[PDB]
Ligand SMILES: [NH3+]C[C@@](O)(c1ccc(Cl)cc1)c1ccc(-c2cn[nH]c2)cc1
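To begin, one chain is listed below as structure tokens, in the form deposited without the ligand.
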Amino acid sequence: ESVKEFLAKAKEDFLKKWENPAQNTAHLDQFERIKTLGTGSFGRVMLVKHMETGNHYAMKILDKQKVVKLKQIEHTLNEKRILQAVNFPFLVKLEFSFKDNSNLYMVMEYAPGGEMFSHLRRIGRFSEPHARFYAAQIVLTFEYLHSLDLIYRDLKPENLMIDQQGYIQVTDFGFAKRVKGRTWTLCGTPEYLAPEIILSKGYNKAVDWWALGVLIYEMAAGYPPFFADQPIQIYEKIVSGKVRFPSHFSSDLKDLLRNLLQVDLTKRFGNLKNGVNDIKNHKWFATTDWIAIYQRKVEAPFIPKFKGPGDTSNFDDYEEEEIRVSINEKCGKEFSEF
């Protein structure tokens, strides 16, 4: 196939960068900080200006000391290593990465449309065609990632940005890992967790296809299939094998969702003999032109409004915080390959 060929060349490209990662391609003083776009446990994302090019980027800042306390060293090394090596239309481009005494930095392409999350909650829910446009782009992305033996593990509206053209950009590869065969780390976000993960069984790429189904459901229904006020209550709902669809769900949608939200891994779409084709040749995606989604020529159902470069009006406001850099190098050995 021409997809198979595209992937084969793509694996050669990825392997070259994987084996020989890039390093310290910038310094903090080359950027002007502007606004915190987002926050997390190990640090925040900031809109940043590249003073020499005048280009705006999103810069993810991780406090080394906090990464270590939360036992995320290996995870943080995976994220930079994978992200500098991959290249796909719906994956954030990592432009620069560097570290100082106190922090790790990854400068990435800035997607002014904001988080899908923000629009999804506001509007309430997406129409199937709307949801499908976004879903189709995730299907391709996973197809590509999984061909590289990468698992993604944190799919959710929060990690999907809308760019200027209204296409998705997958950020946050904080849990991405290159694994042939199986892995056991409990990570992800409670609502998106596959039962395998919560049952400490050992798991593989298939958890991404489960998460895709949570996503489609949440986009189309405006809420996730398993919610509750505390995580344990959510985990029970997930392991129970029991989903209710809203009544406005097309039956094709329900049907795709039932195969994706399947507790039996041997039976879950994405994990069978035909892998990703079971998803792409499903009735719900009949309307979808995959090559054209890939080539970015489909009209996006929703272009967010942006009144310039560096406009941040599609992001919530956060409390700012002065970037402290210690005079002592903080965890050199642990992060040497960053």
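Position 1 is the first residue in the sequence shown; the rest follow in order.
Omitted here: the form solved in complex with the ligand. The next part is about that form.
**Q** Quick one: does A111 come within 4.5 Å of the ligand in the deposited bound form, counting heavy atoms only?
**A** Yes, contact at 4.5 Å.
**Q** I'd like to check something about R44: if you look in the deposited bound form, is any of its heavy atoms closer than or equal to 4.5 Å to a heavy atom of the ligand?
**A** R44 belongs to the contact set for the ligand.
**Q** So in the deposited bound form, does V48 come within 4.5 Å of the ligand, heavy atom to heavy atom?
**A** The answer is no: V48 has no heavy atom within 4.5 Å of the ligand.
**Q** Verify the contact flag for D172: yes if a non-hydrogen atom of it lies within 4.5 Å of a non-hydrogen atom of the ligand in the deposited bound form, no if not.
**A** Flag for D172 set to yes.
**Q** Name the single residue among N281, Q30, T39, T287 that comes within 4.5 Å of the ligand in the deposited bound form, judging by heavy atoms.
**A** By the 4.5 Å heavy-atom cutoff, the listed residue in contact is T39.
**Q** When the ligand is placed as it is in the deposited bound form, which of 265-273, 22-30, 302-310, 55-63 ends up with heavy atoms within 4.5 Å of it?
**A** Within 4.5 Å of the partner lies stretch 55-63.
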